[PDB]
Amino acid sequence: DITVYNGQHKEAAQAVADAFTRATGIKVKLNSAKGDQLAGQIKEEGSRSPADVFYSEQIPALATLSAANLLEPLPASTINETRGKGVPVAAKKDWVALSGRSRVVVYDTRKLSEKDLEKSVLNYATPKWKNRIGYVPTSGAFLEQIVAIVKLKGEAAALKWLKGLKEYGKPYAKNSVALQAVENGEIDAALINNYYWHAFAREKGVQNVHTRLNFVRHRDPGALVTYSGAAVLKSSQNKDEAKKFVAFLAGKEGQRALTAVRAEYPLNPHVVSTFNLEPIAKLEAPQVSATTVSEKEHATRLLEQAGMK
């Protein structure tokens, strides 16, 4: 009945779309792909494309469409649903934040305890962690991390961090490879996204896994949470149903359908995840502005400068 351009998790989107169809009888058509592609696709089509809703995993793609004036303002009630401090708010009230993923440190419990981990993620780029900390320089979230240290600590800090990691850390090609390295005991810890561990634990059984998650909190750059959100196209021919879908997305019922299959932190307060996720506000994630193209260019130049690229 409505067409959703989906830049978010495939299994995620499907779970929430189906829950929507069960509660309203409204059919959902998903067009999954890279968030930057869908947006520019919507942008190169403007008020003529088939998209009724844009469901993305990156707020920057929503900001672009917003900046190009292609999004339809949403009622306060919808946007009110996930409102919280530190939570991204749409200046023109044309998109809403829905969930988030957190950067984290996975560690080997056979060898370490929480009391052995660093208070700040910046502290890992030191001799003390020579061959004991792993990272994934080719990762998008790793890029987001560098972008956050620059906004939160200045470029010098970001450069210090990258040279320290290049110098003492151990790179892995993929976030899963990094995680499997800690699980097998070939490194004490590694920097990755939270959901990788949660997904792995659910499939094997937490009693069978030797890795655990550490969260820095205290607004540290390593406590970075990246948000996802959604919006309705001003061009939609089914603006009524699309508006409903996003309200469903932000609401308890929709938030429960998402956290039933995806380890993302619900933004709606009245929801508990099926994964052992603490209420987001307890992560003490720092406040950071959305990521821009220039910021990813700066962080990239820094990756090359450090020696990783």
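We number the residues from 1 along the sequence you see.
According to the PDB record, 24-32 carries the higher mean C-alpha B-factor of the two stretches 24-32 and 259-267. On average the C-alpha atoms of 109-117 have higher B-factors than those of the other stretch, with 186-194 and 109-117 being the two compared. Highest CA B-factor among the listed residues (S99, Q180, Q145, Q237): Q237. When the CA B factors of the chain's modelled residues are split into thirds, the value for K204 lands in the middle one. Among all modelled residues in this chain, the alpha-carbon of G254 has a temperature factor (C-alpha) in the lowest third.
Per the deposited record, the Cα B-factor of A63 falls in the middle third when ranked against the other modelled residues of its chain. In the deposited entry, the Cα temperature factor of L302 sits in the middle third of values across the chain's modelled residues.
Per the PDB record, residue ranking by Cα B-factor puts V288 in the highest third of the chain.
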